[PDB]
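Protein chains in written order, with our numbering: chain A, 44 to 172; chain B, 1406 to 1488; chain C, 663 to 756; chain D, 9 to 157; chain E, 1351 to 1539. A virtual CB, placed ideally from N, CA and C, is assigned to each residue, including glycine.
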Ligand SMILES: [Mg+2]
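1) Along the chain, where does the alpha helix (DSSP H) that runs through residue 712 of chain C open and close?
2) Roughly how many whole angstroms lie between the Cα atoms of residue 1508 of chain E and residue 1482 of chain E?
3) Hey, out of B:1484, B:1460, B:1452, whose CA is closest to residue 1474 of chain B's CA?
4) Enumerate in chain order the residues of its own chain whose CB-to-CB distance from residue 121 of chain D is below 7 Å, with the five nearest sequence positions on each side excluded.
5) The beta strand (DSSP E) spanning residue 720 of chain C covers which residue range?
6) Determine whether the Cβ of residue 1517 of chain E lies closer than 8 Å to any Cβ atom of chain B.
7) Restricting to Cα atoms, I'd like to know which of A:48, A:60, A:46 is closest to residue 1406 of chain B.
8) Is the beta carbon of residue 1406 of chain E less than 8 Å from the beta carbon of residue 1393 of chain E?
9) With distances taken Cα to Cα, identify the nearest neighbour of residue 744 of chain C among C:730, C:753, C:756.
10) Are the region 120-132 of chain A and the region 94-111 of chain A touching by the rule of at least three beta carbon pairs closer than 8 Å?
11) Residue 746 of chain C and residue 677 of chain C: beta carbons closer than 8 Å?
12) Report the option in B:1463, B:1462, B:1450, B:1486 whose CA atom is closest to the CA atom of residue 1470 of chain B.
13) Anyone know if the C-beta pair for residue 119 of chain D and residue 109 of chain D falls short of 8 Å?
14) For the alpha helix (DSSP H) containing residue 1534 of chain E, list its first residue and its last residue.
15) Comparing C-alpha positions only, which one of E:1533, E:1534, E:1536, E:1488 sits nearest to residue 8 of chain D?
16) Three or more beta-carbon pairs under 8 Å between the region 86-100 of chain D and the region 131-145 of chain D, yes or no?
17) Whole angstroms are fine: how far does the CA of residue 85 of chain D sit from the CA of residue 1413 of chain B?
18) Here's the rule I'm using: 16 or more other beta-carbon atoms within 10 Å means buried, otherwise exposed. How should residue 755 of chain C be labelled?
19) Using only alpha-carbon positions, find the residue among C:692, C:666, C:742 that is nearest to residue 707 of chain C.
20) Where are the beta strand (DSSP E) runs, 3 residues long or more, that stay fully inside the region 65-120 of chain D, in chain order?
21) According to DSSP, what are the bridge partners of residue 114 of chain A?
22) Can you pull the chain A neighbours of residue 1494 of chain E, defined as C-beta to C-beta under 8 Å?
23) Can you tell me whether residue 65 of chain D is buried or exposed? The criterion is at least 16 other CB atoms within 10 Å of its CB, across all chains shown.
24) At what residues does the alpha helix (DSSP H) containing residue 673 of chain C begin and finish?
25) So, using beta-carbon positions, are residue 1446 of chain B and residue 1460 of chain B closer together than 8 Å?
26) Within its chain, find whatever has a CB closer than 7 Å to the CB of residue 1520 of chain E; leave out the 5 residues flanking it on each side and keep chain order.
27) Can you list the residues of chain A that residue 1487 of chain E reaches, using a CB-CB cut of under 9 Å?
28) Is any beta-carbon of chain C found at less than 8 Å from that of residue 154 of chain D?
29) What residues in its chain sit with their C-beta under 7 Å from that of residue 78 of chain A, if we drop five residues either side in the sequence?
30) Are the C-beta of residue 1375 of chain E and some C-beta of chain D separated by less than 8 Å?
31) Candidates D:38, D:78, D:69, D:20: which alpha carbon is nearest residue 48 of chain D's?
32) Report back the beta-carbon spacing between residue 161 of chain A and residue 123 of chain A to the nearest angstrom; my notes put them in contact at under 8 Å.
33) Three or more C-beta pairs under 8 Å: does that hold for the region 689-701 of chain C against the region 717-726 of chain C?
34) Interface residues of chain E around residue 71 of chain D at Cβ under 7 Å?
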């Protein structure tokens, strides 16, 4: 069933941007969704998303742009110990020149660059690039 | 295709969508404030009835229930408009 | 059927199970539905059925067993006859 | 797609944004709690009350009119049933399947619909043991079941 | 004169007196009376808006709010006309408990209901502001900066009362909560 609500959503916003779809809604919604999408907003990977408030769960509607090649999700949230952060961002991103492993540490949800500035580890969620 | 303004969907194309599939989940049902010929009394019948709606008076019976909406009996009116 | 109504009378109302109490409650006149089963042997049938007619009490020959009655009473056990004194919200009485 | 069947259907109820009462309604939190009250008294299930109250009567949802949901109104006054209505509907069902299996020992079909039904019982039961509405002891038994209805 | 319909620890005369005196003035009035004896405010503030024409926000205990709603339309009409050049609106004085971190721990402390949590409060604050309009649905923007702008769909029944206000409400929580919101007057179902 709905186990992981990212994988759910991120499939459907990778899986639109292939078709070139202009915008998409994501059915279940969550806090973690919002908080990881707002990360994608900063590096440009999407445009402004506007969350509907069906009284229950939430829907979102994501303005897409052309720019997202793929976003995916590492499904079990392994615990990343900062020394490993490299070994991951080697084998999970296309280059050292862009690509963003979104993860979730002590000091909020954020990309790997921002966990490195603050010097924290924590749990991998996914990656967009 | 390539541009469907999902957030501002024109009123028609939610009514041709299954209740839970809509942008916001709303029902496709209603109550009706019902006259009936004998008594002037108005009962507050819910379209999709399930049970037989009897008159606040007594004798007459308003709504046989069927699959979807309720079958009003013979010659009796109703009033949607609200909310 | 008189599983559902009876069930409700047990919880809420008043009763007497079986015999002798039931017949006392007819004697007294304070019982106004005697539920016989089938399997009440046909003398007792006719002598309760008579002995209630005279009081002016409704009788029921429940399509039962002695047992399918016990089970229906939420009793766990053999009840041939019973008398209902007072119902709850149950419209067992007509 | 359902617990125990292939059919992957969806047909469910669906409320609006709005929750605030809809102004037809007279009654008030009291007169609804006066009415739930009299229906449960008469002998109806918490589902069945919610029913009577909407079709004939007026209340979209008790929950919105009063503070709490039907069961709590019965339970906080002590008209609530012994076990959950939701469960003895399965138990009553089981005992009905039992019966005709006991006359017709060929019905292979009835010998899921029993096994399934038994399993939808046990399954239910063992939260009612962790949510603690049932005491940690009660158990099915075929024999003692027919009585329990 | 002032202090009799504002009891909560908070006196500070200025408006609270003048506004409660206008409540007291509305008791010298047929039918708008007796039902007003039971009622009672707590505090009140003057707050300006972007346009210039400031609004008076009135707080209420909370259990009384559901009684203030019976009077509100008739109330506002009269004291808005009295205490002129200004908009008036009622809010319930909700508590907002802090979140129990492990830091701010669980030494004891009775629960902390959802009613009394954060996001329930500013949401019920919405239902207190636009009493006559009533909410039909929210959307919630995220601009490319990250600034979260809400959009509140209100109904239509008593739009006329509320349509002129709007940018008072926009001004209102932005003092109370700290959130920026504009109101839209839409289709039906
Ligand atoms: Mg299975």
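If we stick to the structure as given:
1) Start at 1 with the first residue of the third chain, and residue 712 of chain C comes out as number 50. Element bounds for residue 712 of chain C: 704-715.
2) For the purposes of this step, residue 1508 of chain E is taken as residue 158 along the fifth chain, with counting starting at 1. For the purposes of this step, residue 1482 of chain E is taken as residue 132 along the fifth chain, with counting starting at 1. Counting only the Cα atoms, residue 1482 of chain E lies some 5 Å from residue 1508 of chain E.
3) By 1-based counting over the second chain, the position of residue 1474 of chain B is 69. Per the Cα distances, B:1452.
4) Within the fourth chain, residue 121 of chain D is the residue found at index 113, counting from 1. For residue 121 of chain D, same chain residues with a beta-carbon under 7 Å away, outside a window of 5 residues either side, are 105 in chain order.
5) By one-based count along the third chain, residue 720 of chain C stands at place 58. Here the beta strand (DSSP E) through residue 720 of chain C covers 720-724.
6) The residue you call residue 1517 of chain E lines up with position 167 of the fifth chain. For residue 1517 of chain E, no CB of chain B lies under 8 Å from its own CB, so it is not counted at the interface with that chain.
7) To locate residue 1406 of chain B, count along the second chain from 1; it is residue 1. The shortest C-alpha separation from residue 1406 of chain B is found at A:60.
8) To locate residue 1406 of chain E, count along the fifth chain from 1; it is residue 56. To locate residue 1393 of chain E, count along the fifth chain from 1; it is residue 43. Going by beta carbons, residue 1406 of chain E and residue 1393 of chain E fall outside the 8 Å limit.
9) Translated into the one-based positions of the third chain, residue 744 of chain C becomes position 82. Nearest C-alpha to residue 744 of chain C: C:730.
10) Three or more beta-carbon pairs separated by less than 8 Å are not found between the region 120-132 of chain A and the region 94-111 of chain A, which leaves the two stretches without contact.
11) Sequence index remark: in the third chain, residue 746 of chain C carries index 84 (1-based). Sequence index remark: in the third chain, residue 677 of chain C carries index 15 (1-based). Result yes, Cβ atoms of residue 746 of chain C and residue 677 of chain C sit closer than 8 Å.
12) Taking the second chain and counting its residues from 1, the one referred to as residue 1470 of chain B is at position 65. When only C-alpha atoms are compared, the closest one is B:1450.
13) Start at 1 with the first residue of the fourth chain, and residue 119 of chain D comes out as number 111. Start at 1 with the first residue of the fourth chain, and residue 109 of chain D comes out as number 101. In this structure, residue 109 of chain D lies closer than 8 Å to residue 119 of chain D by Cβ.
14) Here residue 1534 of chain E corresponds to residue number 184 of the fifth chain, with the count starting at 1. Residue 1534 of chain E -> not in any alpha helix (DSSP H); beta strand (DSSP E) instead, spanning 1531-1534.
15) This structure cannot speak to residue 8 of chain D, because chain D is shown only from 9 to 157.
16) They touch, by the three-pair rule.
17) Taking the second chain and counting its residues from 1, the one referred to as residue 1413 of chain B is at position 8. Taking the fourth chain and counting its residues from 1, the one referred to as residue 85 of chain D is at position 77. About 48 Å.
18) Stepping through the third chain from its first residue, residue 755 of chain C is reached at position 93. Per the 10 Å Cβ criterion, exposed.
19) For the purposes of this step, residue 707 of chain C is taken as the residue at position 45 of the third chain. Nearest option by C-alpha distance: C:742.
20) Taking only runs of at least 3 residues, no beta strand (DSSP E) segment lies wholly in the region 65-120 of chain D.
21) The sequence position of residue 114 of chain A within the first chain is 71, counting from 1. For residue 114 of chain A, which the question treats as bridged, DSSP gives the partners A:171.
22) By 1-based counting over the fifth chain, the position of residue 1494 of chain E is 144. Among the residues of chain A, those whose CB is under 8 Å from the CB of residue 1494 of chain E are 84, 90, 91, following chain order.
23) Numbered from 1 along the fourth chain, position 57 holds the residue referred to as residue 65 of chain D. Buried, because 16 or more other Cβ atoms sit within 10 Å of the Cβ of residue 65 of chain D.
24) Counted from its first residue, the third chain places residue 673 of chain C at position 11. Counting along the chain, residue 673 of chain C sits inside the alpha helix (DSSP H) bounded by residues 666-674.
25) Locating residue 1446 of chain B in the second chain gives position 41, counting from the first residue. Locating residue 1460 of chain B in the second chain gives position 55, counting from the first residue. Cβ distance < 8 Å, so residue 1446 of chain B and residue 1460 of chain B count as in contact.
26) By one-based count along the fifth chain, residue 1520 of chain E stands at place 170. Only 1531, 1532 meet the Cβ criterion.
27) Working through the fifth chain from its first residue, we reach residue 1487 of chain E at position 137. Correct list: 95, 96, 97, 98.
28) Position 146 of the fourth chain, counted from the start, is the residue given in the question as residue 154 of chain D. With 8 Å as the cut-off, residue 154 of chain D counts as an interface residue toward chain C.
29) Start at 1 with the first residue of the first chain, and residue 78 of chain A comes out as number 35. Closer than 7 Å at Cβ, skipping near neighbours: 152.
30) As a working mapping, residue 1375 of chain E is identified with position 25 in the fifth chain. No, residue 1375 of chain E does not count as interfacial toward chain D.
31) Here residue 48 of chain D refers to the residue found at position 40 when the fourth chain is read from its first residue. Residue nearest to residue 48 of chain D within the set D:38, D:78, D:69, D:20 is D:78 (criterion: CA-CA distance).
32) By 1-based counting over the first chain, the position of residue 161 of chain A is 118. By 1-based counting over the first chain, the position of residue 123 of chain A is 80. At roughly 14 Å, the Cβ-Cβ gap does not stay under 8 Å, so residue 161 of chain A and residue 123 of chain A are not in contact.
33) With a cut-off of 8 Å, the region 717-726 of chain C and the region 689-701 of chain C count as touching, because enough Cβ pairs lie within range.
34) Indexing the fourth chain from 1 puts residue 71 of chain D at position 63. Counting only Cβ-Cβ distances below 7 Å, residue 71 of chain D has no contacts in chain E at all, with the closest Cβ about 15 Å away.
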